[PDB]
$ cat start_32.cif   # mmCIF, C-alpha atoms and all ligand atoms
data_upload
#
loop_
_atom_site.group_PDB
_atom_site.id
_atom_site.type_symbol
_atom_site.label_atom_id
_atom_site.label_comp_id
_atom_site.auth_asym_id
_atom_site.auth_seq_id
_atom_site.Cartn_x
_atom_site.Cartn_y
_atom_site.Cartn_z
ATOM 1 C CA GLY A 1 28.173 -15.789 -14.276
ATOM 2 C CA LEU A 2 28.143 -12.792 -16.663
ATOM 3 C CA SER A 3 30.233 -12.188 -19.777
ATOM 4 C CA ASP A 4 32.639 -9.204 -20.055
ATOM 5 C CA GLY A 5 30.204 -7.620 -22.540
ATOM 6 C CA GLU A 6 27.351 -8.131 -20.082
ATOM 7 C CA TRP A 7 29.307 -6.538 -17.191
ATOM 8 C CA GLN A 8 30.011 -3.541 -19.462
ATOM 9 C CA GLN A 9 26.251 -3.184 -20.088
ATOM 10 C CA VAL A 10 25.476 -3.408 -16.341
ATOM 11 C CA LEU A 11 28.013 -0.693 -15.465
ATOM 12 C CA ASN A 12 26.765 1.455 -18.354
ATOM 13 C CA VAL A 13 23.197 1.290 -16.997
ATOM 14 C CA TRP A 14 24.532 2.109 -13.520
ATOM 15 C CA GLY A 15 25.819 5.436 -14.835
ATOM 16 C CA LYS A 16 22.154 6.460 -15.025
ATOM 17 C CA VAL A 17 21.596 5.612 -11.342
ATOM 18 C CA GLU A 18 24.789 7.454 -10.378
ATOM 19 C CA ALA A 19 23.569 10.741 -11.930
ATOM 20 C CA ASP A 20 20.682 10.749 -9.406
ATOM 21 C CA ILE A 21 21.375 8.179 -6.688
ATOM 22 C CA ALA A 22 18.801 9.563 -4.244
ATOM 23 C CA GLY A 23 16.020 9.874 -6.852
ATOM 24 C CA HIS A 24 16.503 6.344 -8.122
ATOM 25 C CA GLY A 25 16.821 5.092 -4.509
ATOM 26 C CA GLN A 26 13.612 6.776 -3.387
ATOM 27 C CA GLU A 27 11.643 5.450 -6.395
ATOM 28 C CA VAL A 28 12.974 1.894 -5.956
ATOM 29 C CA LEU A 29 11.813 1.861 -2.297
ATOM 30 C CA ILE A 30 8.445 3.550 -3.064
ATOM 31 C CA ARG A 31 7.768 0.953 -5.792
ATOM 32 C CA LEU A 32 8.662 -1.788 -3.288
ATOM 33 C CA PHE A 33 6.412 -0.459 -0.505
ATOM 34 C CA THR A 34 3.466 0.417 -2.752
ATOM 35 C CA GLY A 35 3.580 -2.885 -4.657
ATOM 36 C CA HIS A 36 4.237 -5.068 -1.588
ATOM 37 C CA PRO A 37 2.846 -3.382 1.592
ATOM 38 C CA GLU A 38 4.141 -6.119 3.914
ATOM 39 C CA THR A 39 7.705 -5.007 3.082
ATOM 40 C CA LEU A 40 7.048 -1.665 4.792
ATOM 41 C CA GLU A 41 6.416 -3.579 8.039
ATOM 42 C CA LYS A 42 10.051 -4.706 8.060
ATOM 43 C CA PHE A 43 11.075 -1.048 8.536
ATOM 44 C CA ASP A 44 10.238 0.242 12.004
ATOM 45 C CA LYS A 45 11.347 3.681 10.774
ATOM 46 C CA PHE A 46 8.962 3.763 7.745
ATOM 47 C CA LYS A 47 5.806 2.076 9.199
ATOM 48 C CA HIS A 48 4.318 5.561 9.917
ATOM 49 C CA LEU A 49 4.195 6.175 6.160
ATOM 50 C CA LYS A 50 0.530 5.768 5.554
ATOM 51 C CA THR A 51 0.465 7.270 2.008
ATOM 52 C CA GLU A 52 2.669 7.482 -1.105
ATOM 53 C CA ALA A 53 2.570 11.293 -0.622
ATOM 54 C CA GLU A 54 4.051 10.800 2.809
ATOM 55 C CA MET A 55 6.559 8.403 1.136
ATOM 56 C CA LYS A 56 7.645 10.833 -1.576
ATOM 57 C CA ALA A 57 7.810 13.581 1.077
ATOM 58 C CA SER A 58 10.139 11.599 3.379
ATOM 59 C CA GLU A 59 13.721 12.890 3.499
ATOM 60 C CA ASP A 60 14.751 9.876 5.515
ATOM 61 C CA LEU A 61 13.276 7.538 2.853
ATOM 62 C CA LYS A 62 15.419 9.344 0.286
ATOM 63 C CA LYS A 63 18.408 8.938 2.630
ATOM 64 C CA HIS A 64 17.888 5.185 2.960
ATOM 65 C CA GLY A 65 17.439 4.938 -0.833
ATOM 66 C CA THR A 66 20.961 6.353 -1.177
ATOM 67 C CA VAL A 67 22.327 3.894 1.421
ATOM 68 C CA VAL A 68 20.759 0.939 -0.456
ATOM 69 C CA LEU A 69 21.848 1.823 -4.003
ATOM 70 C CA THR A 70 25.354 2.872 -2.921
ATOM 71 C CA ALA A 71 25.783 -0.570 -1.330
ATOM 72 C CA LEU A 72 24.384 -2.323 -4.443
ATOM 73 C CA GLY A 73 26.604 -0.270 -6.767
ATOM 74 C CA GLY A 74 29.715 -1.179 -4.802
ATOM 75 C CA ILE A 75 28.823 -4.846 -5.235
ATOM 76 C CA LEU A 76 28.069 -4.522 -8.968
ATOM 77 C CA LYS A 77 31.438 -2.855 -9.581
ATOM 78 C CA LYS A 78 33.123 -6.044 -8.325
ATOM 79 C CA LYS A 79 31.671 -7.909 -11.321
ATOM 80 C CA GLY A 80 30.894 -11.059 -9.307
ATOM 81 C CA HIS A 81 33.934 -10.982 -6.999
ATOM 82 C CA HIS A 82 31.809 -9.641 -4.164
ATOM 83 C CA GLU A 83 32.129 -12.150 -1.290
ATOM 84 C CA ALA A 84 33.486 -9.640 1.258
ATOM 85 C CA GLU A 85 30.815 -7.085 0.363
ATOM 86 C CA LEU A 86 27.897 -9.461 0.094
ATOM 87 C CA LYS A 87 28.380 -11.776 3.110
ATOM 88 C CA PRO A 88 27.796 -9.045 5.783
ATOM 89 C CA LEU A 89 24.688 -7.755 3.941
ATOM 90 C CA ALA A 90 23.329 -11.317 3.722
ATOM 91 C CA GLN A 91 23.964 -11.859 7.397
ATOM 92 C CA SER A 92 22.414 -8.496 8.410
ATOM 93 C CA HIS A 93 19.310 -8.998 6.323
ATOM 94 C CA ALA A 94 18.692 -12.547 7.541
ATOM 95 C CA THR A 95 19.645 -12.308 11.233
ATOM 96 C CA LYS A 96 18.830 -8.705 12.156
ATOM 97 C CA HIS A 97 16.247 -7.495 9.629
ATOM 98 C CA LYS A 98 14.501 -10.849 8.965
ATOM 99 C CA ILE A 99 14.042 -10.283 5.228
ATOM 100 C CA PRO A 100 12.776 -13.338 3.248
ATOM 101 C CA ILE A 101 14.593 -13.920 -0.087
ATOM 102 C CA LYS A 102 11.216 -13.193 -1.738
ATOM 103 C CA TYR A 103 11.550 -9.516 -0.781
ATOM 104 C CA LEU A 104 14.925 -9.396 -2.555
ATOM 105 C CA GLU A 105 13.118 -10.705 -5.652
ATOM 106 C CA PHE A 106 10.569 -7.888 -5.236
ATOM 107 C CA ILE A 107 13.289 -5.169 -4.995
ATOM 108 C CA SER A 108 15.139 -6.671 -7.974
ATOM 109 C CA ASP A 109 12.034 -6.426 -10.150
ATOM 110 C CA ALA A 110 11.425 -2.931 -8.689
ATOM 111 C CA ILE A 111 14.880 -1.763 -9.919
ATOM 112 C CA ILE A 112 14.001 -2.973 -13.440
ATOM 113 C CA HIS A 113 10.666 -1.132 -13.261
ATOM 114 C CA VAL A 114 12.232 2.161 -12.079
ATOM 115 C CA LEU A 115 14.900 2.097 -14.853
ATOM 116 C CA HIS A 116 12.199 1.784 -17.561
ATOM 117 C CA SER A 117 10.101 4.438 -15.814
ATOM 118 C CA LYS A 118 12.881 7.064 -15.533
ATOM 119 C CA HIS A 119 14.564 6.130 -18.824
ATOM 120 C CA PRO A 120 11.740 5.065 -21.222
ATOM 121 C CA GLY A 121 13.117 3.871 -24.540
ATOM 122 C CA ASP A 122 16.682 4.269 -23.238
ATOM 123 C CA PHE A 123 16.977 0.928 -21.368
ATOM 124 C CA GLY A 124 17.374 -1.576 -24.178
ATOM 125 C CA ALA A 125 16.697 -5.283 -24.474
ATOM 126 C CA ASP A 126 20.397 -6.150 -24.104
ATOM 127 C CA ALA A 127 20.679 -3.743 -21.106
ATOM 128 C CA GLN A 128 17.645 -5.208 -19.269
ATOM 129 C CA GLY A 129 19.070 -8.713 -19.897
ATOM 130 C CA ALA A 130 22.447 -7.808 -18.441
ATOM 131 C CA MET A 131 21.016 -5.980 -15.394
ATOM 132 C CA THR A 132 18.621 -8.895 -14.687
ATOM 133 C CA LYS A 133 21.533 -11.360 -14.786
ATOM 134 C CA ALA A 134 23.464 -9.203 -12.316
ATOM 135 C CA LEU A 135 20.509 -8.907 -9.948
ATOM 136 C CA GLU A 136 19.927 -12.680 -10.085
ATOM 137 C CA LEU A 137 23.617 -13.337 -9.298
ATOM 138 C CA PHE A 138 23.344 -10.968 -6.331
ATOM 139 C CA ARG A 139 20.099 -12.570 -5.178
ATOM 140 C CA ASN A 140 21.436 -16.105 -5.625
ATOM 141 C CA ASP A 141 24.631 -15.473 -3.643
ATOM 142 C CA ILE A 142 22.547 -13.972 -0.819
ATOM 143 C CA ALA A 143 20.258 -17.073 -0.966
ATOM 144 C CA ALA A 144 23.333 -19.260 -0.473
ATOM 145 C CA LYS A 145 24.217 -17.389 2.780
ATOM 146 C CA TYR A 146 20.560 -17.726 3.812
ATOM 147 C CA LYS A 147 20.645 -21.536 3.377
ATOM 148 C CA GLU A 148 23.871 -21.624 5.397
ATOM 149 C CA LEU A 149 22.019 -19.864 8.272
ATOM 150 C CA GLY A 150 18.842 -21.917 7.768
ATOM 151 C CA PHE A 151 16.957 -18.664 7.417
ATOM 152 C CA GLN A 152 13.493 -18.668 5.907
HETATM 153 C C1 LIG B 201 19.175 -4.483 -3.505
HETATM 154 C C2 LIG B 201 19.083 -4.943 -2.128
HETATM 155 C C3 LIG B 201 19.371 -4.337 -0.897
HETATM 156 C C4 LIG B 201 20.525 -3.720 -0.519
HETATM 157 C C5 LIG B 201 21.756 -3.393 -1.378
HETATM 158 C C6 LIG B 201 20.389 -3.379 0.877
HETATM 159 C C7 LIG B 201 21.286 -2.702 1.694
HETATM 160 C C8 LIG B 201 21.155 -2.211 2.988
HETATM 161 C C9 LIG B 201 22.158 -1.534 3.797
HETATM 162 C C10 LIG B 201 23.520 -1.152 3.280
HETATM 163 C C11 LIG B 201 21.601 -1.273 5.004
HETATM 164 C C12 LIG B 201 22.320 -0.682 6.192
HETATM 165 C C13 LIG B 201 23.360 -1.636 6.806
HETATM 166 C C14 LIG B 201 22.763 -2.963 7.295
HETATM 167 O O1 LIG B 201 21.875 -2.941 8.180
HETATM 168 O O2 LIG B 201 23.191 -4.023 6.766
HETATM 169 C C15 LIG B 201 20.244 -1.753 5.060
HETATM 170 C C16 LIG B 201 19.359 -1.761 6.135
HETATM 171 C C17 LIG B 201 18.094 -2.330 6.199
HETATM 172 N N1 LIG B 201 17.485 -3.040 5.223
HETATM 173 FE FE1 LIG B 201 18.256 -3.388 3.235
HETATM 174 N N2 LIG B 201 19.171 -3.744 1.312
HETATM 175 C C18 LIG B 201 18.496 -4.371 0.283
HETATM 176 C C19 LIG B 201 17.200 -4.877 0.391
HETATM 177 C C20 LIG B 201 16.250 -4.885 1.416
HETATM 178 C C21 LIG B 201 14.836 -5.287 1.404
HETATM 179 C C22 LIG B 201 14.240 -5.887 0.136
HETATM 180 C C23 LIG B 201 14.274 -4.998 2.668
HETATM 181 C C24 LIG B 201 12.988 -5.026 3.224
HETATM 182 C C25 LIG B 201 11.842 -5.447 2.571
HETATM 183 C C26 LIG B 201 15.355 -4.444 3.478
HETATM 184 C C27 LIG B 201 15.310 -3.970 4.778
HETATM 185 C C28 LIG B 201 16.228 -3.351 5.599
HETATM 186 C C29 LIG B 201 15.979 -2.870 6.937
HETATM 187 C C30 LIG B 201 14.719 -3.080 7.765
HETATM 188 C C31 LIG B 201 17.110 -2.217 7.253
HETATM 189 C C32 LIG B 201 17.301 -1.343 8.445
HETATM 190 C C33 LIG B 201 16.783 0.078 8.249
HETATM 191 C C34 LIG B 201 17.017 0.919 9.482
HETATM 192 O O3 LIG B 201 16.287 0.769 10.481
HETATM 193 O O4 LIG B 201 17.943 1.732 9.496
HETATM 194 N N3 LIG B 201 16.431 -4.411 2.658
HETATM 195 N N4 LIG B 201 20.046 -2.297 3.815
#

$ encode --input "start_32.cif" --output "structure tokens"
Amino acid sequence: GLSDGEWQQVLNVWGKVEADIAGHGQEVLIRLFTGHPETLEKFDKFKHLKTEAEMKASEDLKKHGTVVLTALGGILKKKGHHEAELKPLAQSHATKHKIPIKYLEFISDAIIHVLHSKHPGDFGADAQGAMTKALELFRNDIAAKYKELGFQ
């Protein structure tokens, strides 16, 4: 549940991500993998990445960063009316990829970190608040589909 003003802040912030979707995507995943090494083990196609140099040097990691943020952006543009978009992602990540809701908390915090890192002093207190709310809404609606499936 976000206000109209809050949704406007979220979509304003997203303009930054849209100027460099791959760069933001790559940094969000690198921050996830480096901060939480177990998350890398969920990706059979990125397990071979033994170093952050290998990570930064991976074209396919950049590619998947674009896939992830494009999907998230689509959802954010629905301003909460995202059932059709979110349900299949929830179901894929629980049933096929086996991703605990904890890892979605990790990637949420990682998005906040990357925005401050790439835009220092240009990601204000109101902006962080609005983006956090959106990411919690997203996370919480996925958690609901996880409880439905009894997935832990
Ligand atoms: C902001 C949250 C995220 C979004 C928007 C997102 C989105 C996506 C999309 C669109 C795909 C491809 C289609 C599909 O399989 O459903 C995908 C694949 C996948 N996701 Fe995510 N995802 C998120 C978070 C996570 C996290 C936190 C992990 C792991 C720690 C994860 C692991 C995977 C894996 C293992 C695949 C398959 C990669 C492959 O082999 O091609 N995801 N994701």

$ residues_around --input "start_32.cif" --residues "residue 58 (chain A)" --least-positions-apart "6" --cutoff "12 Å" --atoms "only C-alpha atoms" --output "NGL selection string"
:A and (22-23 or 26-27 or 29-30 or 45-52 or 64-65)

$ axis_aligned_box --input "start_32.cif" --around "ligand LIG 201 (chain B)" --padding-each-side "3 Å" --output "JSON"
{"center_x": 17.7, "center_y": -2.1, "center_z": 3.5, "size_x": 17.7, "size_y": 13.6, "size_z": 20.0}

$ closest_residue --input "start_32.cif" --among "A:150, A:35, A:73, A:129" --to "ligand LIG 201 (chain B)" --atoms "only C-alpha atoms and all ligand atoms"
A:73

$ residues_near_ligand --input "start_32.cif" --ligand "ligand LIG 201 (chain B)" --cutoff "9 Å" --atoms "all atoms listed in the file" --output "ChimeraX atom specification"
/A:29,32-33,36,38-46,64-65,67-75,86,88-93,96-108,111,135,138-139

$ closest_residue --input "start_32.cif" --among "A:76, A:28, A:11, A:114" --to "residue 127 (chain A)" --atoms "only C-alpha atoms"
A:11

$ closest_residue --input "start_32.cif" --among "A:110, A:53, A:10, A:115" --to "residue 78 (chain A)" --atoms "all atoms listed in the file"
A:10

$ closest_residue --input "start_32.cif" --among "A:59, A:21, A:80, A:3" --to "residue 141 (chain A)" --atoms "all atoms listed in the file"
A:80

$ closest_residue --input "start_32.cif" --among "A:62, A:113, A:77, A:118" --to "residue 31 (chain A)" --atoms "all atoms listed in the file"
A:113

$ atom_distance --input "start_32.cif" --atom1 "CA of residue 66 (chain A)" --atom2 "CA of residue 25 (chain A)"
5.5 Å

$ residues_near_point --input "start_32.cif" --point "(26.7, -1.8, -15.6)" --cutoff "10 Å" --atoms "only C-alpha atoms" --output "list in words"
residues 5, 6, 7, 8, 9, 10, 11, 12, 13, 14, 15, 16, 17, 73, 76, 77, 79, 127, 130, 131 and 134 of chain A

$ write_last_selection --input "start_32.cif" --atoms "C-alpha atoms" --output "short mmCIF file (atom, residue, chain, number, x, y, z; two decimals), in the coordinates of the input"
data_model
loop_
_atom_site.label_atom_id
_atom_site.label_comp_id
_atom_site.auth_asym_id
_atom_site.auth_seq_id
_atom_site.Cartn_x
_atom_site.Cartn_y
_atom_site.Cartn_z
CA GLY A 5 30.20 -7.62 -22.54
CA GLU A 6 27.35 -8.13 -20.08
CA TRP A 7 29.31 -6.54 -17.19
CA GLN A 8 30.01 -3.54 -19.46
CA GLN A 9 26.25 -3.18 -20.09
CA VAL A 10 25.48 -3.41 -16.34
CA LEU A 11 28.01 -0.69 -15.46
CA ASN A 12 26.76 1.46 -18.35
CA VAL A 13 23.20 1.29 -17.00
CA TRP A 14 24.53 2.11 -13.52
CA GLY A 15 25.82 5.44 -14.84
CA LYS A 16 22.15 6.46 -15.02
CA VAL A 17 21.60 5.61 -11.34
CA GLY A 73 26.60 -0.27 -6.77
CA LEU A 76 28.07 -4.52 -8.97
CA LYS A 77 31.44 -2.86 -9.58
CA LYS A 79 31.67 -7.91 -11.32
CA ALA A 127 20.68 -3.74 -21.11
CA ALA A 130 22.45 -7.81 -18.44
CA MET A 131 21.02 -5.98 -15.39
CA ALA A 134 23.46 -9.20 -12.32
#

$ closest_residue --input "start_32.cif" --among "A:151, A:95, A:24, A:133" --to "residue 119 (chain A)" --atoms "only C-alpha atoms"
A:24

$ atom_distance --input "start_32.cif" --atom1 "CA of residue 145 (chain A)" --atom2 "CA of residue 82 (chain A)"
12.9 Å

$ atom_distance --input "start_32.cif" --atom1 "CA of residue 132 (chain A)" --atom2 "CA of residue 18 (chain A)"
18.0 Å
